[PDB]
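See below for data18.cif, which holds mmCIF, C-alpha atoms and all ligand atoms.
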```cif
data_entry
#
loop_
_atom_site.label_atom_id
_atom_site.label_comp_id
_atom_site.auth_asym_id
_atom_site.auth_seq_id
_atom_site.Cartn_x
_atom_site.Cartn_y
_atom_site.Cartn_z
CA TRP R 886 -161.95 -74.73 273.98
CA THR R 887 -164.20 -75.44 276.97
CA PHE R 888 -161.60 -77.62 278.69
CA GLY R 889 -159.32 -74.59 278.66
CA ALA R 890 -161.67 -72.62 280.92
CA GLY R 891 -163.40 -75.19 283.14
CA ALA R 892 -164.67 -78.74 283.03
CA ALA R 893 -164.43 -80.21 279.55
CA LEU R 894 -167.80 -80.23 277.77
CA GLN R 895 -168.37 -82.69 274.95
CA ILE R 896 -169.48 -81.35 271.58
CA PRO R 897 -169.54 -82.98 268.12
CA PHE R 898 -166.52 -82.04 266.04
CA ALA R 899 -168.74 -80.74 263.23
CA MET R 900 -170.40 -78.38 265.71
CA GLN R 901 -167.01 -77.31 267.03
CA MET R 902 -165.94 -76.56 263.47
CA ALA R 903 -169.10 -74.51 262.94
CA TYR R 904 -168.19 -72.55 266.07
CA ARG R 905 -164.69 -71.87 264.76
CA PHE R 906 -165.99 -70.82 261.34
CA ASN R 907 -168.40 -68.42 263.02
CA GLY R 908 -165.41 -67.19 265.01
CA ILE R 909 -163.47 -66.28 261.87
CA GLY R 910 -166.54 -64.48 260.56
CA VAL R 911 -167.95 -67.15 258.22
CA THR R 912 -171.52 -68.36 258.64
CA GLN R 913 -171.71 -71.93 259.93
CA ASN R 914 -173.97 -72.96 257.04
CA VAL R 915 -170.86 -72.83 254.85
CA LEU R 916 -169.28 -75.63 256.86
CA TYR R 917 -172.50 -77.57 257.32
CA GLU R 918 -172.83 -77.60 253.52
CA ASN R 919 -169.17 -78.25 252.60
CA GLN R 920 -168.28 -80.62 255.47
CA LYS R 921 -167.07 -83.33 253.10
CA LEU R 922 -164.78 -80.92 251.26
CA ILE R 923 -163.38 -79.45 254.48
CA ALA R 924 -162.70 -82.90 255.93
CA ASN R 925 -160.99 -84.05 252.73
CA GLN R 926 -158.84 -80.92 252.61
CA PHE R 927 -157.83 -81.33 256.25
CA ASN R 928 -156.90 -84.98 255.73
CA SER R 929 -154.91 -84.13 252.60
CA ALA R 930 -153.05 -81.36 254.44
CA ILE R 931 -152.18 -83.74 257.28
CA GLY R 932 -150.89 -86.28 254.78
CA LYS R 933 -148.82 -83.59 253.09
CA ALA T 1080 -179.73 -77.79 261.89
CA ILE T 1081 -183.51 -78.18 261.78
CA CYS T 1082 -185.81 -79.30 258.97
CA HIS T 1083 -189.12 -77.42 259.11
CA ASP T 1084 -190.65 -77.10 255.62
CA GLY T 1085 -187.96 -78.52 253.37
CA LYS T 1086 -185.58 -75.73 254.45
CA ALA T 1087 -182.54 -75.95 256.72
CA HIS T 1088 -182.66 -73.64 259.74
CA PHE T 1089 -179.47 -72.82 261.65
CA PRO T 1090 -179.25 -70.91 264.95
CA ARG T 1091 -178.45 -67.22 264.68
CA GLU T 1092 -176.38 -67.24 267.88
CA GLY T 1093 -176.60 -70.42 269.92
CA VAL T 1094 -177.01 -74.16 269.57
CA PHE T 1095 -179.96 -76.51 269.22
CA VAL T 1096 -180.46 -78.82 272.20
CA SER T 1097 -182.96 -81.52 273.09
CA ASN T 1098 -184.24 -82.49 276.54
CA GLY T 1099 -185.64 -85.75 275.21
CA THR T 1100 -188.98 -84.81 273.68
CA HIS T 1101 -188.70 -81.17 272.56
CA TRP T 1102 -186.08 -79.05 270.83
CA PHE T 1103 -184.90 -75.62 271.98
CA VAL T 1104 -182.20 -73.13 271.04
CA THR T 1105 -179.90 -71.84 273.77
CA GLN T 1106 -176.73 -69.80 274.06
CA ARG T 1107 -173.52 -71.80 274.28
CA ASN T 1108 -172.37 -70.79 277.78
CA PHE T 1109 -175.56 -70.79 279.88
CA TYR T 1110 -178.48 -73.19 279.47
CA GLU T 1111 -181.65 -71.15 278.95
CA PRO T 1112 -183.81 -72.97 276.39
CA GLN T 1113 -185.79 -70.84 273.95
CA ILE T 1114 -188.54 -71.89 271.56
CA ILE T 1115 -187.11 -72.32 268.07
CA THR T 1116 -188.63 -69.51 266.00
CA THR T 1117 -187.75 -67.67 262.82
CA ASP T 1118 -186.12 -64.94 264.92
CA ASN T 1119 -183.71 -67.35 266.64
CA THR T 1120 -182.70 -69.03 263.37
CA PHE T 1121 -181.97 -68.33 259.72
CA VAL T 1122 -182.66 -70.40 256.61
CA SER T 1123 -179.99 -71.64 254.22
CA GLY T 1124 -180.42 -74.28 251.53
CA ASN T 1125 -182.55 -77.40 251.83
CA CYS T 1126 -182.57 -80.60 253.87
CA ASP T 1127 -180.53 -82.79 251.50
CA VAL T 1128 -177.02 -81.45 252.26
CA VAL T 1129 -176.45 -81.17 256.01
CA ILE T 1130 -175.30 -84.25 257.93
CA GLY T 1131 -177.27 -84.92 261.11
CA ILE T 1132 -180.19 -82.58 260.44
CA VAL T 1133 -183.37 -83.47 262.33
CA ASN T 1134 -187.08 -82.94 261.73
CA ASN T 1135 -188.88 -80.42 263.93
CA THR T 1136 -191.31 -77.51 263.75
CA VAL T 1137 -190.15 -73.88 263.74
CA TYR T 1138 -192.68 -71.52 265.29
CA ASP T 1139 -193.50 -68.41 263.27
CA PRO T 1140 -194.12 -65.40 265.57
CA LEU T 1141 -196.03 -63.56 262.84
CA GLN T 1142 -198.44 -66.47 262.36
CA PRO T 1143 -200.62 -65.97 265.48
CA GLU T 1144 -200.91 -62.25 264.75
CA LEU T 1145 -201.81 -63.02 261.14
CA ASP T 1146 -204.44 -65.51 262.31
CA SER T 1147 -206.01 -62.93 264.63
CA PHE T 1148 -205.83 -60.43 261.76
CA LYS T 1149 -207.71 -62.88 259.53
CA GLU T 1150 -210.28 -63.43 262.29
CA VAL Y 1129 -173.29 -40.75 251.95
CA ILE Y 1130 -170.80 -40.60 249.09
CA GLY Y 1131 -171.29 -43.43 246.60
CA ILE Y 1132 -174.85 -44.43 247.47
CA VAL Y 1133 -176.97 -45.90 244.67
CA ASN Y 1134 -180.59 -46.35 243.72
CA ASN Y 1135 -181.96 -49.86 244.25
CA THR Y 1136 -185.13 -51.41 245.64
CA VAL Y 1137 -185.22 -53.04 249.08
CA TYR Y 1138 -187.80 -55.82 249.32
CA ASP Y 1139 -189.70 -56.05 252.60
CA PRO Y 1140 -190.60 -59.65 253.55
CA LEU Y 1141 -193.73 -58.60 255.46
CA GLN Y 1142 -195.12 -56.69 252.46
CA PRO Y 1143 -196.02 -59.76 250.34
CA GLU Y 1144 -197.55 -61.51 253.36
CA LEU Y 1145 -199.72 -58.53 254.30
CA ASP Y 1146 -200.69 -57.75 250.70
CA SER Y 1147 -201.53 -61.40 249.96
CA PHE Y 1148 -203.67 -61.57 253.09
CA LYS Y 1149 -205.59 -58.47 252.01
CA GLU Y 1150 -205.91 -59.64 248.39
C1 LIG Z 1201 -188.67 -81.56 278.02
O1 LIG Z 1201 -189.16 -80.14 277.89
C2 LIG Z 1201 -190.60 -80.04 277.61
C3 LIG Z 1201 -191.02 -78.60 277.65
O2 LIG Z 1201 -191.41 -78.25 278.95
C4 LIG Z 1201 -190.40 -77.37 279.50
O3 LIG Z 1201 -189.22 -78.09 279.72
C5 LIG Z 1201 -189.34 -79.18 280.66
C6 LIG Z 1201 -187.97 -79.83 280.73
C7 LIG Z 1201 -189.85 -78.69 282.02
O4 LIG Z 1201 -188.86 -77.89 282.64
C8 LIG Z 1201 -191.15 -77.89 281.84
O5 LIG Z 1201 -191.50 -77.33 283.11
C9 LIG Z 1201 -190.95 -76.78 280.81
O6 LIG Z 1201 -192.15 -76.04 280.62
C10 LIG Z 1201 -191.47 -80.85 278.59
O7 LIG Z 1201 -192.76 -81.01 277.99
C11 LIG Z 1201 -193.83 -80.41 278.76
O8 LIG Z 1201 -194.22 -79.06 278.23
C12 LIG Z 1201 -195.38 -78.53 278.96
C13 LIG Z 1201 -195.73 -77.19 278.40
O9 LIG Z 1201 -194.55 -76.49 278.10
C14 LIG Z 1201 -195.09 -78.38 280.45
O10 LIG Z 1201 -196.33 -78.08 281.11
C15 LIG Z 1201 -196.59 -78.99 282.20
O11 LIG Z 1201 -197.38 -80.11 281.77
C16 LIG Z 1201 -198.72 -79.80 281.29
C17 LIG Z 1201 -198.63 -79.20 279.89
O12 LIG Z 1201 -199.94 -78.83 279.48
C18 LIG Z 1201 -199.50 -78.91 282.30
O13 LIG Z 1201 -199.96 -79.69 283.39
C19 LIG Z 1201 -198.65 -77.73 282.81
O14 LIG Z 1201 -198.48 -76.77 281.78
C20 LIG Z 1201 -199.27 -75.60 282.06
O15 LIG Z 1201 -198.99 -74.60 281.11
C21 LIG Z 1201 -199.25 -74.99 279.75
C22 LIG Z 1201 -198.76 -73.87 278.85
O16 LIG Z 1201 -198.95 -74.27 277.49
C23 LIG Z 1201 -200.75 -75.27 279.60
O17 LIG Z 1201 -201.03 -75.68 278.27
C24 LIG Z 1201 -201.17 -76.37 280.59
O18 LIG Z 1201 -202.57 -76.61 280.49
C25 LIG Z 1201 -200.76 -76.01 282.02
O19 LIG Z 1201 -201.61 -74.92 282.40
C26 LIG Z 1201 -197.30 -78.21 283.32
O20 LIG Z 1201 -196.56 -77.05 283.67
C27 LIG Z 1201 -194.46 -79.60 281.07
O21 LIG Z 1201 -193.81 -79.20 282.32
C28 LIG Z 1201 -193.45 -80.31 280.23
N1 LIG Z 1201 -193.31 -81.69 280.78
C29 LIG Z 1201 -194.48 -82.57 280.83
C30 LIG Z 1201 -194.35 -84.00 281.39
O22 LIG Z 1201 -195.53 -82.19 280.44
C31 LIG Z 1201 -190.93 -82.22 278.86
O23 LIG Z 1201 -191.62 -82.81 280.00
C32 LIG Z 1201 -189.47 -82.25 279.12
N2 LIG Z 1201 -189.04 -83.68 279.21
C33 LIG Z 1201 -187.86 -84.02 280.01
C34 LIG Z 1201 -187.38 -85.47 280.13
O24 LIG Z 1201 -187.27 -83.15 280.56
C1 LIG Z 1202 -163.20 -75.20 245.99
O1 LIG Z 1202 -161.71 -75.41 245.94
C2 LIG Z 1202 -161.35 -76.80 246.22
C3 LIG Z 1202 -159.88 -76.97 245.98
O2 LIG Z 1202 -159.27 -77.44 247.15
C4 LIG Z 1202 -162.10 -77.81 245.35
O3 LIG Z 1202 -162.01 -79.06 246.04
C5 LIG Z 1202 -161.79 -80.13 245.10
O4 LIG Z 1202 -161.93 -79.70 243.67
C6 LIG Z 1202 -161.69 -80.84 242.78
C7 LIG Z 1202 -161.92 -80.40 241.36
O5 LIG Z 1202 -163.02 -81.10 240.84
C8 LIG Z 1202 -162.58 -82.05 243.08
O6 LIG Z 1202 -162.08 -83.15 242.32
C9 LIG Z 1202 -162.95 -84.29 242.46
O7 LIG Z 1202 -162.42 -85.43 241.80
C10 LIG Z 1202 -163.09 -86.62 242.20
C11 LIG Z 1202 -162.40 -87.80 241.53
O8 LIG Z 1202 -163.19 -88.97 241.77
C12 LIG Z 1202 -164.59 -86.51 241.84
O9 LIG Z 1202 -165.38 -86.71 243.00
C13 LIG Z 1202 -164.95 -85.15 241.16
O10 LIG Z 1202 -164.65 -85.20 239.77
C14 LIG Z 1202 -164.32 -83.93 241.85
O11 LIG Z 1202 -164.18 -82.93 240.85
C15 LIG Z 1202 -162.62 -82.42 244.54
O12 LIG Z 1202 -163.76 -83.28 244.80
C16 LIG Z 1202 -162.77 -81.24 245.43
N1 LIG Z 1202 -162.60 -81.67 246.86
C17 LIG Z 1202 -161.34 -82.19 247.37
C18 LIG Z 1202 -160.10 -82.32 246.47
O13 LIG Z 1202 -161.26 -82.52 248.51
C19 LIG Z 1202 -163.56 -77.51 245.15
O14 LIG Z 1202 -164.03 -78.25 243.98
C20 LIG Z 1202 -163.87 -76.07 244.94
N2 LIG Z 1202 -165.35 -75.89 245.04
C21 LIG Z 1202 -166.01 -74.91 244.18
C22 LIG Z 1202 -165.19 -74.09 243.18
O15 LIG Z 1202 -167.19 -74.76 244.26
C1 LIG Z 1203 -187.24 -84.12 257.75
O1 LIG Z 1203 -188.59 -84.34 257.14
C2 LIG Z 1203 -188.49 -84.71 255.72
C3 LIG Z 1203 -189.86 -84.99 255.19
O2 LIG Z 1203 -190.47 -85.96 256.00
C4 LIG Z 1203 -187.63 -85.96 255.55
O3 LIG Z 1203 -187.43 -86.23 254.16
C5 LIG Z 1203 -188.10 -87.43 253.72
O4 LIG Z 1203 -188.99 -87.09 252.56
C6 LIG Z 1203 -189.76 -88.23 252.06
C7 LIG Z 1203 -190.71 -87.71 251.03
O5 LIG Z 1203 -191.01 -86.37 251.31
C8 LIG Z 1203 -190.57 -88.91 253.17
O6 LIG Z 1203 -191.10 -90.15 252.68
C9 LIG Z 1203 -190.19 -90.69 251.69
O7 LIG Z 1203 -190.91 -91.34 250.64
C10 LIG Z 1203 -190.06 -91.85 249.60
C11 LIG Z 1203 -190.94 -92.33 248.46
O8 LIG Z 1203 -190.10 -92.87 247.45
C12 LIG Z 1203 -189.20 -92.96 250.21
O9 LIG Z 1203 -188.35 -93.50 249.21
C13 LIG Z 1203 -188.35 -92.39 251.36
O10 LIG Z 1203 -187.58 -93.43 251.96
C14 LIG Z 1203 -189.22 -91.67 252.40
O11 LIG Z 1203 -189.94 -92.68 253.10
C15 LIG Z 1203 -189.74 -89.22 254.39
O12 LIG Z 1203 -190.65 -89.57 255.47
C16 LIG Z 1203 -188.86 -88.12 254.86
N1 LIG Z 1203 -187.89 -88.76 255.81
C17 LIG Z 1203 -187.95 -88.45 257.24
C18 LIG Z 1203 -186.96 -89.11 258.21
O13 LIG Z 1203 -188.76 -87.68 257.65
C19 LIG Z 1203 -186.27 -85.80 256.18
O14 LIG Z 1203 -185.58 -87.08 256.17
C20 LIG Z 1203 -186.32 -85.33 257.58
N2 LIG Z 1203 -184.94 -84.93 257.97
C21 LIG Z 1203 -184.07 -85.85 258.70
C22 LIG Z 1203 -184.58 -87.25 259.06
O15 LIG Z 1203 -182.98 -85.52 259.01
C1 LIG Z 1204 -165.36 -41.91 242.51
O1 LIG Z 1204 -166.84 -41.76 242.72
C2 LIG Z 1204 -167.31 -40.36 242.69
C3 LIG Z 1204 -168.80 -40.36 242.57
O2 LIG Z 1204 -169.38 -40.17 243.83
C4 LIG Z 1204 -166.72 -39.56 241.51
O3 LIG Z 1204 -167.18 -38.20 241.54
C5 LIG Z 1204 -167.08 -37.62 240.21
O4 LIG Z 1204 -167.65 -36.22 240.23
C6 LIG Z 1204 -167.90 -35.70 238.88
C7 LIG Z 1204 -168.40 -34.29 238.97
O5 LIG Z 1204 -167.32 -33.40 238.90
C8 LIG Z 1204 -168.95 -36.58 238.21
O6 LIG Z 1204 -169.32 -35.99 236.96
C9 LIG Z 1204 -168.49 -36.49 235.89
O7 LIG Z 1204 -167.11 -36.31 236.17
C10 LIG Z 1204 -166.24 -36.78 235.14
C11 LIG Z 1204 -164.82 -36.75 235.66
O8 LIG Z 1204 -164.65 -37.84 236.56
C12 LIG Z 1204 -166.46 -35.88 233.92
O9 LIG Z 1204 -165.58 -36.27 232.88
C13 LIG Z 1204 -167.92 -36.01 233.45
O10 LIG Z 1204 -168.14 -35.15 232.34
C14 LIG Z 1204 -168.90 -35.73 234.60
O11 LIG Z 1204 -168.89 -34.32 234.81
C15 LIG Z 1204 -168.42 -37.97 238.00
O12 LIG Z 1204 -169.55 -38.84 237.66
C16 LIG Z 1204 -167.71 -38.57 239.18
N1 LIG Z 1204 -166.61 -39.42 238.61
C17 LIG Z 1204 -166.66 -40.88 238.74
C18 LIG Z 1204 -165.52 -41.74 238.16
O13 LIG Z 1204 -167.57 -41.40 239.29
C19 LIG Z 1204 -165.23 -39.61 241.54
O14 LIG Z 1204 -164.64 -38.87 240.43
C20 LIG Z 1204 -164.84 -41.03 241.39
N2 LIG Z 1204 -163.35 -41.13 241.30
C21 LIG Z 1204 -162.78 -42.21 240.50
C22 LIG Z 1204 -161.26 -42.36 240.35
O15 LIG Z 1204 -163.51 -42.98 239.97
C1 LIG Z 1205 -181.63 -42.27 243.66
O1 LIG Z 1205 -182.93 -42.01 242.94
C2 LIG Z 1205 -183.48 -40.67 243.17
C3 LIG Z 1205 -184.61 -40.43 242.21
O2 LIG Z 1205 -184.07 -40.26 240.92
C4 LIG Z 1205 -182.44 -39.57 242.94
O3 LIG Z 1205 -182.93 -38.33 243.41
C5 LIG Z 1205 -183.05 -37.33 242.37
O4 LIG Z 1205 -184.50 -36.92 242.23
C6 LIG Z 1205 -184.71 -35.92 241.18
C7 LIG Z 1205 -186.18 -35.69 241.03
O5 LIG Z 1205 -186.86 -36.87 241.38
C8 LIG Z 1205 -184.14 -36.38 239.83
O6 LIG Z 1205 -184.20 -35.28 238.93
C9 LIG Z 1205 -183.71 -34.10 239.60
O7 LIG Z 1205 -184.74 -33.13 239.75
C10 LIG Z 1205 -184.32 -31.95 240.46
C11 LIG Z 1205 -185.54 -31.08 240.69
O8 LIG Z 1205 -186.18 -30.86 239.43
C12 LIG Z 1205 -183.24 -31.25 239.63
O9 LIG Z 1205 -182.79 -30.09 240.31
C13 LIG Z 1205 -182.06 -32.21 239.39
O10 LIG Z 1205 -181.07 -31.58 238.58
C14 LIG Z 1205 -182.52 -33.54 238.79
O11 LIG Z 1205 -182.91 -33.26 237.45
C15 LIG Z 1205 -182.72 -36.84 239.94
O12 LIG Z 1205 -182.33 -37.45 238.67
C16 LIG Z 1205 -182.49 -37.82 241.03
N1 LIG Z 1205 -181.00 -38.00 241.11
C17 LIG Z 1205 -180.40 -39.24 240.62
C18 LIG Z 1205 -178.88 -39.45 240.70
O13 LIG Z 1205 -181.09 -40.10 240.17
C19 LIG Z 1205 -181.16 -39.86 243.67
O14 LIG Z 1205 -180.16 -38.83 243.39
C20 LIG Z 1205 -180.62 -41.19 243.29
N2 LIG Z 1205 -179.35 -41.39 244.04
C21 LIG Z 1205 -178.23 -42.08 243.41
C22 LIG Z 1205 -176.93 -42.27 244.21
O15 LIG Z 1205 -178.32 -42.50 242.30
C1 LIG Z 1206 -173.46 -90.98 264.93
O1 LIG Z 1206 -173.22 -92.47 264.95
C2 LIG Z 1206 -174.45 -93.24 265.19
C3 LIG Z 1206 -174.15 -94.69 264.97
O2 LIG Z 1206 -173.60 -94.87 263.69
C4 LIG Z 1206 -175.59 -92.83 264.24
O3 LIG Z 1206 -176.81 -93.47 264.62
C5 LIG Z 1206 -177.09 -94.59 263.75
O4 LIG Z 1206 -176.85 -95.89 264.49
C6 LIG Z 1206 -177.00 -97.07 263.63
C7 LIG Z 1206 -176.60 -98.28 264.41
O5 LIG Z 1206 -175.64 -97.92 265.37
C8 LIG Z 1206 -176.12 -96.97 262.38
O6 LIG Z 1206 -176.38 -98.09 261.53
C9 LIG Z 1206 -176.39 -95.71 261.62
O7 LIG Z 1206 -175.44 -95.62 260.51
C10 LIG Z 1206 -176.27 -94.50 262.46
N1 LIG Z 1206 -176.74 -93.34 261.64
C11 LIG Z 1206 -175.76 -92.37 261.13
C12 LIG Z 1206 -176.22 -91.18 260.28
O8 LIG Z 1206 -174.60 -92.51 261.37
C13 LIG Z 1206 -175.81 -91.35 264.28
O9 LIG Z 1206 -176.85 -90.99 263.33
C14 LIG Z 1206 -174.57 -90.62 263.95
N2 LIG Z 1206 -174.83 -89.15 264.03
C15 LIG Z 1206 -174.43 -88.29 262.92
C16 LIG Z 1206 -174.68 -86.78 262.98
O10 LIG Z 1206 -173.90 -88.77 261.96
#
```
Output the structure of this file as structure tokens.
Amino acid sequence: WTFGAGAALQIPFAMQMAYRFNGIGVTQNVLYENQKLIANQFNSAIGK
Amino acid sequence: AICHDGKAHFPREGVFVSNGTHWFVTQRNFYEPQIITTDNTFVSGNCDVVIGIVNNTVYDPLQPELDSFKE
Amino acid sequence: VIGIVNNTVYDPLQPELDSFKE
């Protein structure tokens, strides 16, 4: 979301996802431990 | 995350950054590096799950006081 | 408080301090 406020700041997509998970009230360790499952679910949803 | 003693440390509120030689933890909107200690981070799991984890040392604030206590 | 319950709360510093002394 940085590019929405000022100059775009690069950040790895996994880190961005950790930020979003922390935003919805879920500890980022959940994502950092299930990253493969989250990525697979996202890809499957896009295919669907 | 950070690997310290076979455990995975994640920042409590902030991100881990590296200036080339050392690792610090800093808030996400204003660069003010802080030494990575047990207060800045929390442990979860081990080192065999996360992707991109890196070795480093996590300072224990209680350790110097305990050492003086032993002395 | 209504609904509170007995249970033990483990203090992380207690084992460190007690092990040092012992
Ligand atoms: C990456 O970051 C580390 C950490 O240093 C901190 O960040 C730097 C970017 C820079 O801003 C530093 O000013 C800042 O402290 C750099 O690694 C070095 O870390 C030491 C201690 O933190 C700094 O101290 C400096 O170098 C000597 C270290 O002993 C000494 O001449 C001076 O330190 C004084 O205080 C220490 C306190 O422990 C004491 O032990 C010393 O004896 C002395 O009194 C001096 O201030 C260094 O500035 C940091 N840099 C170097 C070359 O030593 C690292 O350099 C930095 N690398 C890059 C590319 O940014
Ligand atoms: C949490 O819920 C999700 C449901 O979306 C589960 O994700 C998927 O669950 C299935 C069930 O096993 C997994 O199937 C996999 O099949 C492959 C076939 O080769 C194999 O690797 C395993 O046999 C595995 O079971 C799937 O990997 C998994 N992830 C997907 C579909 O992307 C998830 O299992 C649940 N996690 C729990 C309950 O802890
Ligand atoms: C963070 O540090 C740990 C411990 O150093 C890293 O885990 C790896 O653990 C093994 C054994 O503890 C270290 O040596 C290994 O020996 C076995 C013997 O069979 C060998 O097969 C392995 O290839 C390895 O050499 C190993 O040094 C250590 N690896 C590293 C990079 O330190 C862990 O990898 C580190 N976390 C990272 C790199 O993200
Ligand atoms: C929800 O939790 C509270 C506990 O803080 C319940 O308070 C009830 O207060 C009575 C005292 O009048 C406690 O004693 C027992 O009451 C039952 C009737 O519920 C009675 O048959 C027994 O002989 C005994 O005197 C009672 O432990 C306690 N009831 C419960 C279920 O915990 C409150 O009633 C609870 N409400 C519900 C729907 O669970
Ligand atoms: C949590 O644990 C404590 C300790 O049991 C509970 O406090 C109450 O403490 C008294 C005495 O230690 C226990 O017996 C009571 O003695 C008084 C004075 O003789 C008497 O007037 C009472 O009728 C009772 O016999 C009492 O069992 C104990 N209460 C309970 C529920 O264990 C405290 O209440 C506990 N809190 C919860 C939510 O369980
Ligand atoms: C991001 O990509 C780079 C490149 O793949 C990774 O650094 C290593 O670079 C060598 C050669 O380019 C590759 O053979 C390795 O596969 C790369 N390692 C890994 C784990 O991919 C870098 O490590 C990657 N960073 C993360 C978090 O995966």
Box for ligand LIG 1203 (chain Z) - axis-aligned, 5 Å on each of the six sides, all listed atoms - centre and size in Å to one decimal, as lines of an AutoDock Vina configuration file.
```
center_x = -187.0
center_y = -88.8
center_z = 253.3
size_x = 18.1
size_y = 19.4
size_z = 21.6
```
Ligand LIG 1202 (chain Z) neighbours within 6 Å using all atoms listed in the file, as a tab-separated table (two decimals) with C-alpha atoms, in the coordinates of the input:
```
chain	number	residue	atom	x	y	z
R	922	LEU	CA	-164.78	-80.92	251.26
R	925	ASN	CA	-160.99	-84.05	252.73
R	926	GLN	CA	-158.84	-80.92	252.61
```
- If you count all atoms listed in the file, which residues fall within 10 Å of residue R:920, apart from same-chain ones fewer than 3 positions away, as a PyMOL selection string? (chain R and resi 899+902-903+914-917+923-926) or (chain T and resi 1128-1130)
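Separating atom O1 of ligand LIG 1206 (chain Z) from atom CA of residue R:890 is a distance of 28.0 Å.
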- Message: Quick one: residues within 12 Å of stretch 1100-1109 of chain T, all atoms listed in the file, excluding same-chain residues fewer than 3 positions away - as a PyMOL selection string?
- Response: (chain R and resi 886-887+890-891+894+896+900-901+904) or (chain T and resi 1080-1082+1088-1097+1112-1120+1133-1138)
Convert the current residue selection to file output with C-alpha atoms, as a CSV table (one decimal), in the frame of the given file.
```
chain,number,residue,atom,x,y,z
R,886,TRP,CA,-162.0,-74.7,274.0
R,887,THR,CA,-164.2,-75.4,277.0
R,890,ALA,CA,-161.7,-72.6,280.9
R,891,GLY,CA,-163.4,-75.2,283.1
R,894,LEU,CA,-167.8,-80.2,277.8
R,896,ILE,CA,-169.5,-81.4,271.6
R,900,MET,CA,-170.4,-78.4,265.7
R,901,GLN,CA,-167.0,-77.3,267.0
R,904,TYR,CA,-168.2,-72.6,266.1
T,1080,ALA,CA,-179.7,-77.8,261.9
T,1081,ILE,CA,-183.5,-78.2,261.8
T,1082,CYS,CA,-185.8,-79.3,259.0
T,1088,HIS,CA,-182.7,-73.6,259.7
T,1089,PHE,CA,-179.5,-72.8,261.6
T,1090,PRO,CA,-179.2,-70.9,265.0
T,1091,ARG,CA,-178.4,-67.2,264.7
T,1092,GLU,CA,-176.4,-67.2,267.9
T,1093,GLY,CA,-176.6,-70.4,269.9
T,1094,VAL,CA,-177.0,-74.2,269.6
T,1095,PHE,CA,-180.0,-76.5,269.2
T,1096,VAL,CA,-180.5,-78.8,272.2
T,1097,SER,CA,-183.0,-81.5,273.1
T,1112,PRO,CA,-183.8,-73.0,276.4
T,1113,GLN,CA,-185.8,-70.8,274.0
T,1114,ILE,CA,-188.5,-71.9,271.6
T,1115,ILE,CA,-187.1,-72.3,268.1
T,1116,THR,CA,-188.6,-69.5,266.0
T,1117,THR,CA,-187.8,-67.7,262.8
T,1118,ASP,CA,-186.1,-64.9,264.9
T,1119,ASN,CA,-183.7,-67.4,266.6
T,1120,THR,CA,-182.7,-69.0,263.4
T,1133,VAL,CA,-183.4,-83.5,262.3
T,1134,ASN,CA,-187.1,-82.9,261.7
T,1135,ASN,CA,-188.9,-80.4,263.9
T,1136,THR,CA,-191.3,-77.5,263.8
T,1137,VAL,CA,-190.2,-73.9,263.7
T,1138,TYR,CA,-192.7,-71.5,265.3
```
Hey, which residues sit close to ligand LIG 1204 (chain Z)? Say within 8 Å, counting only C-alpha atoms and all ligand atoms, and write them as a CSV table (one decimal) with C-alpha atoms, keeping the file's coordinate frame.
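Okay, this is what ended up in result.csv:
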```
chain,number,residue,atom,x,y,z
Y,1130,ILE,CA,-170.8,-40.6,249.1
Y,1131,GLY,CA,-171.3,-43.4,246.6
Y,1132,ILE,CA,-174.8,-44.4,247.5
```
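Coordinates place atom CA of residue T:1148 at a distance of 26.2 Å from atom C20 of ligand LIG 1201 (chain Z).
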- Task: When you get a sec, could you note down which chain T residues fall within 12 Å of chain Y, using all atoms listed in the file, as a PyMOL selection string?
- Result: chain T and resi 1141-1142+1144-1150
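Compared by their closest atoms to ligand LIG 1201 (chain Z), and using only C-alpha atoms and all ligand atoms, the residues T:1087, T:1123, T:1143, T:1111 rank with T:1111 nearest.
The gap separating atom CA of residue R:897 from atom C14 of ligand LIG 1201 (chain Z) is 28.7 Å, in Å to one decimal.
Comparing T:1110, T:1098, T:1124, T:1086 by their smallest distance to ligand LIG 1203 (chain Z), the closest is T:1086 (using all atoms listed in the file).
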- Return the single residue from T:1139, T:1099, T:1127, T:1121 that is closest to ligand LIG 1203 (chain Z), with distances computed using only C-alpha atoms and all ligand atoms. T:1127
- Item | Distance criterion (all atoms listed in the file): nearest to ligand LIG 1206 (chain Z) out of R:930, R:918, R:898, R:889 | R:898
